[PDB]
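Q: Structure file coords39.cif, mmCIF, C-alpha atoms and all ligand atoms, is pasted below:
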```
data_my_file
loop_
_atom_site.label_atom_id
_atom_site.label_comp_id
_atom_site.auth_asym_id
_atom_site.auth_seq_id
_atom_site.Cartn_x
_atom_site.Cartn_y
_atom_site.Cartn_z
CA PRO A 1 -14.83 48.89 -1.57
CA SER A 2 -11.62 47.18 -2.68
CA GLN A 3 -8.67 48.09 -4.95
CA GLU A 4 -6.98 51.13 -3.41
CA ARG A 5 -4.11 53.58 -3.88
CA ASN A 6 -1.53 55.34 -1.69
CA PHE A 7 -1.92 59.09 -1.25
CA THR A 8 -0.43 61.79 0.97
CA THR A 9 -2.87 63.81 3.07
CA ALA A 10 -3.09 66.94 5.19
CA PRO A 11 -5.25 67.97 8.23
CA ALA A 12 -5.64 71.40 6.65
CA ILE A 13 -4.19 73.74 4.08
CA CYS A 14 -2.93 77.26 4.61
CA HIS A 15 -3.90 80.06 2.25
CA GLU A 16 -3.62 83.81 2.76
CA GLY A 17 -2.46 82.89 6.28
CA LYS A 18 -5.82 81.28 7.08
CA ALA A 19 -6.50 77.67 8.03
CA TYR A 20 -8.76 75.91 5.54
CA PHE A 21 -10.53 72.71 6.50
CA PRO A 22 -12.37 70.24 4.21
CA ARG A 23 -16.13 69.76 4.35
CA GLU A 24 -17.28 66.16 3.87
CA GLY A 25 -14.02 64.77 2.48
CA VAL A 26 -10.26 64.69 2.95
CA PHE A 27 -7.39 66.54 1.30
CA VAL A 28 -5.46 64.24 -1.03
CA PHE A 29 -2.10 64.62 -2.73
CA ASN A 30 -1.82 62.86 -6.06
CA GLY A 31 1.09 62.81 -8.53
CA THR A 32 2.05 66.43 -7.71
CA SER A 33 -1.40 68.00 -7.17
CA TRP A 34 -3.80 68.55 -4.28
CA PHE A 35 -7.48 67.62 -4.44
CA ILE A 36 -10.40 66.93 -2.16
CA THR A 37 -12.45 63.74 -2.20
CA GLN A 38 -14.73 61.42 -0.26
CA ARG A 39 -13.12 58.73 1.89
CA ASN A 40 -15.10 55.85 0.40
CA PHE A 41 -14.26 56.48 -3.26
CA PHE A 42 -11.27 58.06 -4.94
CA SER A 43 -12.75 60.76 -7.11
CA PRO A 44 -10.56 63.91 -6.81
CA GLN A 45 -12.13 67.35 -7.03
CA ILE A 46 -10.59 70.78 -7.39
CA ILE A 47 -10.19 72.53 -4.05
CA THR A 48 -12.45 75.55 -4.11
CA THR A 49 -13.65 77.99 -1.50
CA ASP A 50 -17.22 76.71 -1.54
CA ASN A 51 -16.13 73.10 -0.98
CA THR A 52 -14.05 73.91 2.10
CA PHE A 53 -14.26 76.21 5.09
CA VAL A 54 -11.98 78.53 6.95
CA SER A 55 -11.62 79.02 10.65
CA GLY A 56 -8.73 80.38 12.68
CA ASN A 57 -5.28 81.18 11.37
CA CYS A 58 -2.44 78.90 10.33
CA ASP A 59 -1.17 78.94 13.89
CA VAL A 60 -2.33 75.95 15.92
CA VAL A 61 -2.99 73.32 13.28
CA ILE A 62 -0.50 70.51 13.47
CA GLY A 63 0.77 69.35 10.10
CA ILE A 64 -0.85 72.23 8.21
CA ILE A 65 0.70 72.81 4.78
CA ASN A 66 0.77 75.61 2.22
CA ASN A 67 -1.63 75.50 -0.69
CA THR A 68 -3.94 77.62 -2.82
CA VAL A 69 -7.72 77.87 -2.93
CA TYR A 70 -9.74 78.42 -6.08
CA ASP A 71 -12.21 81.27 -6.06
CA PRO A 72 -14.74 81.55 -8.97
CA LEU A 73 -14.75 85.30 -8.42
CA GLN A 74 -11.46 85.62 -10.29
CA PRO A 75 -12.60 84.29 -13.76
CA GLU A 76 -16.14 85.57 -13.13
CA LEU A 77 -14.96 89.14 -12.57
CA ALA B 1 -4.55 42.46 21.03
CA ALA B 2 -4.76 42.06 17.28
CA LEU B 3 -8.16 43.70 17.16
CA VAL B 4 -7.04 46.74 19.15
CA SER B 5 -3.82 47.12 17.22
CA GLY B 6 -5.76 46.90 14.00
CA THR B 7 -8.49 49.41 14.83
CA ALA B 8 -5.90 51.88 16.08
CA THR B 9 -4.97 52.59 12.46
CA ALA B 10 -7.28 50.47 10.24
CA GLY B 11 -10.43 52.62 10.56
CA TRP B 12 -13.92 52.14 9.05
CA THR B 13 -13.19 49.22 6.73
CA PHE B 14 -11.33 47.23 9.38
CA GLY B 15 -14.18 44.78 9.90
CA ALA B 16 -15.80 45.21 6.47
CA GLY B 17 -13.27 44.93 3.64
CA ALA B 18 -9.65 45.55 2.72
CA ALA B 19 -7.48 47.15 5.35
CA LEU B 20 -6.68 50.82 4.94
CA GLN B 21 -4.30 53.05 6.84
CA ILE B 22 -5.51 56.33 8.26
CA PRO B 23 -3.41 58.64 10.53
CA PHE B 24 -4.67 58.43 14.08
CA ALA B 25 -5.56 62.09 14.49
CA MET B 26 -7.36 62.14 11.14
CA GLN B 27 -9.55 59.24 12.22
CA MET B 28 -10.42 60.96 15.48
CA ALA B 29 -11.21 64.23 13.79
CA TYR B 30 -13.74 62.46 11.64
CA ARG B 31 -15.41 60.66 14.51
CA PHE B 32 -15.91 64.03 16.22
CA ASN B 33 -17.63 65.36 13.11
CA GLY B 34 -19.71 62.16 13.30
CA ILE B 35 -21.20 63.42 16.57
CA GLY B 36 -21.96 66.95 15.47
CA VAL B 37 -19.02 69.06 16.52
CA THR B 38 -17.16 70.85 13.78
CA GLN B 39 -14.07 68.90 12.84
CA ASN B 40 -11.67 71.81 13.37
CA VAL B 41 -12.41 71.74 17.08
CA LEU B 42 -10.37 68.61 17.59
CA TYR B 43 -7.25 69.92 15.95
CA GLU B 44 -7.36 73.14 17.92
CA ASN B 45 -7.85 71.21 21.15
CA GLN B 46 -5.79 68.20 20.12
CA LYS B 47 -3.45 68.69 23.07
CA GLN B 48 -6.27 68.93 25.61
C1 LIG C 1 3.84 78.23 4.46
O1 LIG C 1 4.30 79.56 3.84
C2 LIG C 1 4.60 80.51 4.85
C3 LIG C 1 5.00 81.75 4.09
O2 LIG C 1 6.26 81.61 3.44
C4 LIG C 1 5.73 79.96 5.79
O3 LIG C 1 5.88 80.80 6.91
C5 LIG C 1 7.10 81.59 6.82
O4 LIG C 1 8.30 80.90 7.48
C6 LIG C 1 9.46 81.71 7.31
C7 LIG C 1 10.60 80.90 7.88
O5 LIG C 1 10.41 80.60 9.25
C8 LIG C 1 9.36 83.11 7.99
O6 LIG C 1 10.56 83.80 7.60
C9 LIG C 1 10.59 85.25 7.83
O7 LIG C 1 11.75 85.83 7.18
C10 LIG C 1 11.86 87.25 7.35
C11 LIG C 1 13.18 87.69 6.61
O8 LIG C 1 14.43 87.59 7.40
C12 LIG C 1 15.17 86.37 7.12
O9 LIG C 1 15.53 86.19 5.71
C13 LIG C 1 16.39 87.22 5.20
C14 LIG C 1 16.66 86.89 3.69
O10 LIG C 1 17.79 87.62 3.09
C15 LIG C 1 17.72 87.20 6.02
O11 LIG C 1 18.59 88.17 5.54
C16 LIG C 1 17.40 87.48 7.48
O12 LIG C 1 18.61 87.45 8.28
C17 LIG C 1 16.48 86.39 7.91
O13 LIG C 1 17.09 85.22 7.70
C18 LIG C 1 11.93 87.55 8.89
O14 LIG C 1 11.97 88.92 9.10
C19 LIG C 1 10.69 86.99 9.59
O15 LIG C 1 10.77 87.24 11.02
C20 LIG C 1 9.42 87.36 11.58
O16 LIG C 1 9.29 86.78 12.91
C21 LIG C 1 10.16 87.39 13.89
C22 LIG C 1 9.96 86.63 15.26
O17 LIG C 1 10.50 87.32 16.44
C23 LIG C 1 9.78 88.90 14.01
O18 LIG C 1 10.58 89.53 14.95
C24 LIG C 1 9.99 89.57 12.66
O19 LIG C 1 9.62 90.98 12.72
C25 LIG C 1 9.09 88.86 11.71
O20 LIG C 1 7.83 88.92 12.19
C26 LIG C 1 10.66 85.53 9.34
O21 LIG C 1 11.82 84.99 9.79
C27 LIG C 1 8.05 83.76 7.39
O22 LIG C 1 7.68 84.99 8.09
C28 LIG C 1 6.90 82.87 7.55
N1 LIG C 1 5.71 83.53 7.07
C29 LIG C 1 4.55 83.42 7.69
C30 LIG C 1 3.38 84.13 7.10
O23 LIG C 1 4.46 82.75 8.72
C31 LIG C 1 5.24 78.57 6.36
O24 LIG C 1 6.25 77.99 7.23
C32 LIG C 1 4.94 77.62 5.27
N2 LIG C 1 4.50 76.35 5.83
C33 LIG C 1 5.25 75.27 5.78
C34 LIG C 1 4.68 74.01 6.35
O25 LIG C 1 6.37 75.31 5.28
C1 LIG C 2 -2.39 64.29 -10.59
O1 LIG C 2 -3.32 65.49 -10.87
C2 LIG C 2 -2.80 66.22 -11.99
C3 LIG C 2 -3.68 67.43 -12.17
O2 LIG C 2 -4.99 67.09 -12.60
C4 LIG C 2 -2.79 65.31 -13.25
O3 LIG C 2 -2.27 66.04 -14.35
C5 LIG C 2 -3.06 65.81 -15.57
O4 LIG C 2 -2.56 64.56 -16.32
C6 LIG C 2 -3.35 64.36 -17.49
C7 LIG C 2 -2.81 63.11 -18.14
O5 LIG C 2 -3.84 62.17 -18.44
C8 LIG C 2 -3.28 65.58 -18.46
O6 LIG C 2 -4.13 65.32 -19.55
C9 LIG C 2 -3.78 66.09 -20.76
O7 LIG C 2 -4.95 66.20 -21.63
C10 LIG C 2 -4.71 66.91 -22.85
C11 LIG C 2 -6.08 66.84 -23.65
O8 LIG C 2 -6.27 65.65 -24.51
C12 LIG C 2 -6.73 64.49 -23.74
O9 LIG C 2 -8.16 64.50 -23.44
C13 LIG C 2 -8.99 64.42 -24.62
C14 LIG C 2 -10.50 64.46 -24.15
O10 LIG C 2 -11.45 63.81 -25.08
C15 LIG C 2 -8.67 63.08 -25.35
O11 LIG C 2 -9.46 62.96 -26.49
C16 LIG C 2 -7.21 63.07 -25.77
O12 LIG C 2 -6.86 61.83 -26.42
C17 LIG C 2 -6.41 63.21 -24.52
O13 LIG C 2 -6.70 62.18 -23.71
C18 LIG C 2 -3.56 66.20 -23.63
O14 LIG C 2 -3.25 66.91 -24.78
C19 LIG C 2 -2.31 66.12 -22.77
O15 LIG C 2 -1.24 65.43 -23.45
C20 LIG C 2 -2.69 65.36 -21.55
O16 LIG C 2 -3.18 64.18 -21.97
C21 LIG C 2 -3.78 66.83 -17.63
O17 LIG C 2 -3.75 68.06 -18.41
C22 LIG C 2 -2.91 66.99 -16.45
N1 LIG C 2 -3.27 68.20 -15.74
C23 LIG C 2 -2.43 69.20 -15.62
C24 LIG C 2 -2.90 70.41 -14.87
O18 LIG C 2 -1.30 69.13 -16.11
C25 LIG C 2 -1.85 64.10 -12.93
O19 LIG C 2 -1.75 63.18 -14.05
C26 LIG C 2 -2.36 63.36 -11.76
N2 LIG C 2 -1.48 62.24 -11.48
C27 LIG C 2 -1.96 61.06 -11.16
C28 LIG C 2 -0.98 59.98 -10.87
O20 LIG C 2 -3.18 60.88 -11.13
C1 LIG C 3 1.61 52.06 0.04
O1 LIG C 3 3.09 52.16 0.48
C2 LIG C 3 3.51 51.02 1.22
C3 LIG C 3 4.94 51.28 1.64
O2 LIG C 3 5.10 52.57 2.22
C4 LIG C 3 3.37 49.75 0.32
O3 LIG C 3 3.71 48.60 1.04
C5 LIG C 3 4.97 48.01 0.57
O4 LIG C 3 4.91 47.67 -0.93
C6 LIG C 3 6.11 47.05 -1.43
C7 LIG C 3 5.88 46.78 -2.90
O5 LIG C 3 4.56 46.35 -3.16
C8 LIG C 3 6.30 45.75 -0.58
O6 LIG C 3 7.36 44.91 -1.04
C9 LIG C 3 8.70 45.55 -1.01
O7 LIG C 3 9.31 45.55 -2.34
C10 LIG C 3 10.62 46.15 -2.35
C11 LIG C 3 11.16 46.10 -3.84
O8 LIG C 3 12.62 46.17 -3.97
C12 LIG C 3 11.55 45.32 -1.41
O9 LIG C 3 12.82 45.88 -1.38
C13 LIG C 3 10.97 45.33 -0.01
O10 LIG C 3 11.79 44.56 0.89
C14 LIG C 3 9.61 44.74 -0.08
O11 LIG C 3 9.70 43.50 -0.60
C15 LIG C 3 6.45 46.08 0.95
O12 LIG C 3 6.60 44.86 1.74
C16 LIG C 3 5.20 46.76 1.35
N1 LIG C 3 5.29 47.07 2.77
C17 LIG C 3 4.24 46.99 3.55
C18 LIG C 3 4.43 47.31 5.00
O13 LIG C 3 3.14 46.66 3.11
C19 LIG C 3 1.85 49.64 -0.08
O14 LIG C 3 1.61 48.47 -0.89
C20 LIG C 3 1.42 50.84 -0.82
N2 LIG C 3 0.01 50.70 -1.16
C21 LIG C 3 -0.46 51.03 -2.34
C22 LIG C 3 -1.93 50.89 -2.56
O15 LIG C 3 0.30 51.44 -3.23
#
```
Kindly return the structure encoded in the file as structure tokens.
A:
Amino acid sequence: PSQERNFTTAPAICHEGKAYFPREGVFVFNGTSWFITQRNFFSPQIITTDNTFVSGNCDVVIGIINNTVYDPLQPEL
Amino acid sequence: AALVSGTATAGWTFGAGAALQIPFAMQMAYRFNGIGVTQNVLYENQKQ
């Protein structure tokens, strides 16, 4: 790996009061938008329910920030 | 001293390629997942 970029990150994101954690990747803040991607290659993906997980509330996670989570149910319904 | 200082923030590419900077806690959280304990456990028990 070589040429890189600076991004802002977050341990977790808070949505509906719940603490959402990433699966295999890390949360990344680009030019005014949050995505999720693998550490070894910057390829940003939309943050969706199925690509993250939730456990515990937004209570004890240090540095947790507010965000939204996409749920296919909405356009599917 | 240089090695230790480096690894403290440099992470996985430290001895492989270009230096990167990763927040300490983030690095640790990953290494825990690397063992087989769900990542969130570290944050919740970060103090302990
Ligand atoms: C992610 O997003 C969430 C949601 O916004 C943020 O959490 C909120 O943080 C705010 C600020 O601390 C909490 O504010 C609540 O305001 C209520 C309204 O009263 C205030 O505002 C009116 C406006 O006119 C004033 O007139 C009034 O004098 C007050 O200034 C309060 O009632 C809430 O009080 C709660 O806690 C006390 C604790 O003893 C209880 O007694 C109350 O009954 C009540 O429970 C509170 O102050 C807001 O509640 C928070 N929401 C949640 C869900 O936590 C996160 O901070 C944000 N994350 C980041 C990183 O910014
Ligand atoms: C941070 O993430 C943000 C959210 O994804 C990024 O915002 C996006 O920025 C791009 C700019 O490249 C906008 O693209 C728009 O695309 C439409 C469609 O036409 C274009 O694509 C067709 C495909 O074949 C191509 O043929 C055309 O020539 C165009 O290339 C254009 O009409 C718009 O003018 C614009 O190009 C995204 O829409 C925009 N997303 C949102 C939600 O606004 C942001 O850029 C990212 N920042 C960084 C630094 O990466
Ligand atoms: C990620 O951000 C860091 C800083 O938070 C970048 O490092 C800094 O980059 C600047 C510009 O490349 C370096 O030079 C500085 O230029 C300004 C211009 O006026 C000057 O005033 C400063 O005195 C300095 O010369 C700066 O030294 C550098 N700092 C460090 C510690 O590296 C970094 O390059 C960014 N990385 C990416 C991939 O964008």
Q: Which centre and which edge lengths, in Å to one decimal, describe the axis-aligned box that holds all listed atoms of stretch 39-56 of chain A after 3 Å is added on each side, as lines of an AutoDock Vina configuration file?
A:
```
center_x = -13.0
center_y = 68.1
center_z = 2.6
size_x = 14.5
size_y = 30.5
size_z = 26.1
```
Q: What are the residues of chain B lining chain A at 10 Å or less? Count all atoms listed in the file, and put the answer as a list in words.
A: residues 12, 13, 16, 17, 18, 19, 20, 21, 22, 23, 25, 26, 29, 30, 33, 38, 39, 40, 41, 42, 43, 44, 45 and 46 of chain B
Q: I need the chosen residues saved as a PDB file, in the coordinates of the input, with C-alpha atoms.
A:
```pdb
ATOM      1  CA  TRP B  12     -13.920  52.140   9.050  1.00  0.00           C
ATOM      2  CA  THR B  13     -13.190  49.220   6.730  1.00  0.00           C
ATOM      3  CA  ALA B  16     -15.800  45.210   6.470  1.00  0.00           C
ATOM      4  CA  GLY B  17     -13.270  44.930   3.640  1.00  0.00           C
ATOM      5  CA  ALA B  18      -9.650  45.550   2.720  1.00  0.00           C
ATOM      6  CA  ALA B  19      -7.480  47.150   5.350  1.00  0.00           C
ATOM      7  CA  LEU B  20      -6.680  50.820   4.940  1.00  0.00           C
ATOM      8  CA  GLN B  21      -4.300  53.050   6.840  1.00  0.00           C
ATOM      9  CA  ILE B  22      -5.510  56.330   8.260  1.00  0.00           C
ATOM     10  CA  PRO B  23      -3.410  58.640  10.530  1.00  0.00           C
ATOM     11  CA  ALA B  25      -5.560  62.090  14.490  1.00  0.00           C
ATOM     12  CA  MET B  26      -7.360  62.140  11.140  1.00  0.00           C
ATOM     13  CA  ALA B  29     -11.210  64.230  13.790  1.00  0.00           C
ATOM     14  CA  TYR B  30     -13.740  62.460  11.640  1.00  0.00           C
ATOM     15  CA  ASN B  33     -17.630  65.360  13.110  1.00  0.00           C
ATOM     16  CA  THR B  38     -17.160  70.850  13.780  1.00  0.00           C
ATOM     17  CA  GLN B  39     -14.070  68.900  12.840  1.00  0.00           C
ATOM     18  CA  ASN B  40     -11.670  71.810  13.370  1.00  0.00           C
ATOM     19  CA  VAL B  41     -12.410  71.740  17.080  1.00  0.00           C
ATOM     20  CA  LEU B  42     -10.370  68.610  17.590  1.00  0.00           C
ATOM     21  CA  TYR B  43      -7.250  69.920  15.950  1.00  0.00           C
ATOM     22  CA  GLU B  44      -7.360  73.140  17.920  1.00  0.00           C
ATOM     23  CA  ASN B  45      -7.850  71.210  21.150  1.00  0.00           C
ATOM     24  CA  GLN B  46      -5.790  68.200  20.120  1.00  0.00           C
TER      25      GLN B  46
END
```
Q: Atom CA of residue A:8 to atom CA of residue A:28: how many Å, to one decimal?
A: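 Atom CA of residue A:8 sits 5.9 Å away from atom CA of residue A:28.
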Q: Could I get the residue neighbourhood of ligand LIG 2 (chain C) at 6 Å, counting all atoms listed in the file, as a list in words?
A: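 Checked against 6 Å with all atoms listed in the file; the hits are residues 30, 31, 32 and 33 of chain A.
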Q: Quote the spacing between atom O1 of ligand LIG 1 (chain C) and atom CA of residue A:66 in Å to one decimal place.
A: 5.5 Å
Q: As a PyMOL selection string, please: every protein or nucleic acid residue near ligand LIG 1 (chain C) (cut-off 7 Å, counting all atoms listed in the file).
A: chain A and resi 14+17+64-66
Q: One decimal, Å: what's the distance from atom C22 of ligand LIG 3 (chain C) over to atom CA of residue A:70, could you say?
A: 28.8 Å
Q: Rank A:29, A:44, A:57, A:36 by their smallest atom-to-atom distance to residue A:69, using all atoms listed in the file, and report the top residue only.
A: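 Selected residue with least distance to residue A:69: A:36.
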Q: Could you rebuild stretch 65-77 of chain A with N, CA, C and O atoms and give me the result as a PDB file, in the frame of the given file?
A:
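result22.pdb written:
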```pdb
ATOM      1  N   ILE A  65      -0.224  72.537   5.882  1.00  0.00           N
ATOM      2  CA  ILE A  65       0.700  72.810   4.780  1.00  0.00           C
ATOM      3  C   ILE A  65       0.227  73.971   3.934  1.00  0.00           C
ATOM      4  O   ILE A  65      -0.936  74.338   3.990  1.00  0.00           O
ATOM      5  N   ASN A  66       1.125  74.519   3.127  1.00  0.00           N
ATOM      6  CA  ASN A  66       0.770  75.610   2.220  1.00  0.00           C
ATOM      7  C   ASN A  66       0.091  75.104   0.968  1.00  0.00           C
ATOM      8  O   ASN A  66       0.475  74.077   0.415  1.00  0.00           O
ATOM      9  N   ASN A  67      -0.906  75.846   0.518  1.00  0.00           N
ATOM     10  CA  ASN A  67      -1.630  75.500  -0.690  1.00  0.00           C
ATOM     11  C   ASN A  67      -2.373  76.724  -1.214  1.00  0.00           C
ATOM     12  O   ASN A  67      -2.300  77.799  -0.628  1.00  0.00           O
ATOM     13  N   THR A  68      -3.097  76.553  -2.309  1.00  0.00           N
ATOM     14  CA  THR A  68      -3.940  77.620  -2.820  1.00  0.00           C
ATOM     15  C   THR A  68      -5.389  77.189  -2.785  1.00  0.00           C
ATOM     16  O   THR A  68      -5.690  76.003  -2.663  1.00  0.00           O
ATOM     17  N   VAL A  69      -6.290  78.153  -2.894  1.00  0.00           N
ATOM     18  CA  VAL A  69      -7.720  77.870  -2.930  1.00  0.00           C
ATOM     19  C   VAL A  69      -8.351  78.574  -4.114  1.00  0.00           C
ATOM     20  O   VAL A  69      -8.175  79.777  -4.292  1.00  0.00           O
ATOM     21  N   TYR A  70      -9.079  77.829  -4.929  1.00  0.00           N
ATOM     22  CA  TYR A  70      -9.740  78.420  -6.080  1.00  0.00           C
ATOM     23  C   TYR A  70     -10.952  79.235  -5.685  1.00  0.00           C
ATOM     24  O   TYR A  70     -11.796  78.791  -4.895  1.00  0.00           O
ATOM     25  N   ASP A  71     -11.068  80.411  -6.276  1.00  0.00           N
ATOM     26  CA  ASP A  71     -12.210  81.270  -6.060  1.00  0.00           C
ATOM     27  C   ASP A  71     -12.806  81.729  -7.390  1.00  0.00           C
ATOM     28  O   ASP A  71     -12.175  82.514  -8.100  1.00  0.00           O
ATOM     29  N   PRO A  72     -14.016  81.251  -7.749  1.00  0.00           N
ATOM     30  CA  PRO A  72     -14.740  81.550  -8.970  1.00  0.00           C
ATOM     31  C   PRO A  72     -14.753  83.033  -9.277  1.00  0.00           C
ATOM     32  O   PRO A  72     -14.763  83.428 -10.444  1.00  0.00           O
ATOM     33  N   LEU A  73     -14.731  83.864  -8.234  1.00  0.00           N
ATOM     34  CA  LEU A  73     -14.750  85.300  -8.420  1.00  0.00           C
ATOM     35  C   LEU A  73     -13.725  85.755  -9.454  1.00  0.00           C
ATOM     36  O   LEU A  73     -13.983  86.682 -10.221  1.00  0.00           O
ATOM     37  N   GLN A  74     -12.543  85.149  -9.440  1.00  0.00           N
ATOM     38  CA  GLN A  74     -11.460  85.620 -10.290  1.00  0.00           C
ATOM     39  C   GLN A  74     -11.785  85.578 -11.803  1.00  0.00           C
ATOM     40  O   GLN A  74     -11.671  86.609 -12.463  1.00  0.00           O
ATOM     41  N   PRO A  75     -12.142  84.410 -12.392  1.00  0.00           N
ATOM     42  CA  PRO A  75     -12.600  84.290 -13.760  1.00  0.00           C
ATOM     43  C   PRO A  75     -13.982  84.895 -14.010  1.00  0.00           C
ATOM     44  O   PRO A  75     -14.280  85.316 -15.127  1.00  0.00           O
ATOM     45  N   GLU A  76     -14.810  84.985 -12.969  1.00  0.00           N
ATOM     46  CA  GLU A  76     -16.140  85.570 -13.130  1.00  0.00           C
ATOM     47  C   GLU A  76     -16.044  87.081 -13.304  1.00  0.00           C
ATOM     48  O   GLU A  76     -16.721  87.665 -14.152  1.00  0.00           O
ATOM     49  N   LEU A  77     -15.183  87.704 -12.512  1.00  0.00           N
ATOM     50  CA  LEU A  77     -14.960  89.140 -12.570  1.00  0.00           C
ATOM     51  C   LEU A  77     -14.265  89.523 -13.866  1.00  0.00           C
ATOM     52  O   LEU A  77     -14.300  90.682 -14.282  1.00  0.00           O
TER      53      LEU A  77
END
```
